[PDB]
Amino acid sequence: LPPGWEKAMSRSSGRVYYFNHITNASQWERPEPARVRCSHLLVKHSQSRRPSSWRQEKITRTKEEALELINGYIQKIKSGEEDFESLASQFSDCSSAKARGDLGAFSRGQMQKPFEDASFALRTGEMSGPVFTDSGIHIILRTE
Ligand SMILES: CN(CCO)c1ccccn1
Ligand SMILES: CN(CCO)c1ccccn1
């Protein structure tokens with residue numbers, strides 16, 4: 001299986017699925033360059049390195065509450081009810097919200113390590129599950 005993937009069993013359905021422990025992605029179907037380009041949606045919490053953003057001068061939500069927000073955004077993106085870029089522009093606690101979450105292209109050794117590892121393990125067009133860094137919890141979309 002591709003880098004980071006394992007088989008798992010659904011508890012509710014009992015059907016086999018696949019999980020990536022580097023990107024925290026999960027899917028039903030059976031699934032390196034110098035640079036990648038990614039967008040992200042960041043939800044900060046009270047233990048972020050800087051608990052403030054353009055949305056909120058004092059970020060007060062707990063880590064648990066931020067993960068619930070991330071999970072809900074992932075649900076709406078996967079259902080097609082909302083687009084990643086729309087949710088990033090509206091709700092990302094990163095200044096890159098103004099650019100639909102786009103961070104541009106980057107190499108290894110620039111970003112926070114868990115973010116970097118998830119970005120390089122995604123395939124082009126693929127999106128992560130919740131990725132935890134010192135900034136908060138991220139949804140990552142690899143665009144190039
Ligand atoms: C302590 N809890 C709740 C118990 O499962 C957290 C904390 C951070 C993220 C998710 N759950
Ligand atoms: C990639 N960044 C900086 C990262 O915080 C952008 C992009 C567009 C607008 C503002 N910041």
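Worth knowing before you read on, the calculation uses all heavy atoms, side chains too, and leaves out hydrogens, waters and symmetry mates. Nothing fancy with the numbering, it's 1 onward along the sequence.
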key: Non-neighbouring partners of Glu68 that pass salt bridge (charged side-chain N to carboxylate O under 4.0 Å, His left out), sequence neighbours left out   = none

ask   = Should the heavy atoms of other residues, nucleotides or ligands under 6.0 Å from CD of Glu6 be counted, would the total exceed 12?
value = yes

query = Any chance the side chains of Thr133 and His138 put a donor and an acceptor closer than 3.5 Å?
reply = yes

inquiry  = So does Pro3 get a backbone contact from the side chain of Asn20, meaning a donor-acceptor N/O pair under 3.5 Å?
reply    = yes

request  = Taking only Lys NZ, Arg NE, NH1 and NH2, and the carboxylate oxygens of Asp or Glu, determine whether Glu82 and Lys76 approach each other closer than 4.0 Å.
outcome  = no

ask   = How about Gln47: does its CD atom have over 12 heavy atoms from other parts shown lying under 6.0 Å from it?
value = no

ask   = Would you say the side chain of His40 lies within less than 4.5 Å of the side chain of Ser96, judging by non-hydrogen atoms?
value = yes

Listed once per pair and sorted, the ring pair (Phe, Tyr, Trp, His ring centres under 6.0 Å) pairs that draw on residues 1-37, sequence neighbours left out = none

query = Can you list every ring pair (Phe, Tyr, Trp, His ring centres under 6.0 Å) pair that touches residues 63-90, not counting sequence neighbours?
reply = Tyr73-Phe91

message = For the residue pair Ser89 / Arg100, report whether a side-chain donor-acceptor contact shorter than 3.5 Å exists.
response = no

task = Apply side chain to side chain donor-acceptor pair (under 3.5 Å) to the pair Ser79 and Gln75, showing each step before the final yes or no.
result = CA-CA 6 Å; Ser79 70; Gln75 287 159 24; over 6 Å; no

query = What do the steps show when you test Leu1 against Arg30 for side-chain contact (heavy atoms from CB on, under 4.5 Å), and what is the final call?
reply = CA-CA 8 Å; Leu1 289 143; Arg30 181 130 183 161; 3.6 Å; yes

key: Single hit among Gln112, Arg50, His45 for side-chain hydrogen bond (donor to acceptor under 3.5 Å, both in side chains) with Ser135   = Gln112

task = Answer yes when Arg108 and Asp117 have at least one side-chain N-carboxylate O distance shorter than 4.0 Å, and no when they do not.
result = yes

request  = Give a yes or no on whether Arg55 atom CZ has more than 12 heavy-atom contacts from other residues, nucleotides or ligands under 6.0 Å away.
outcome  = yes

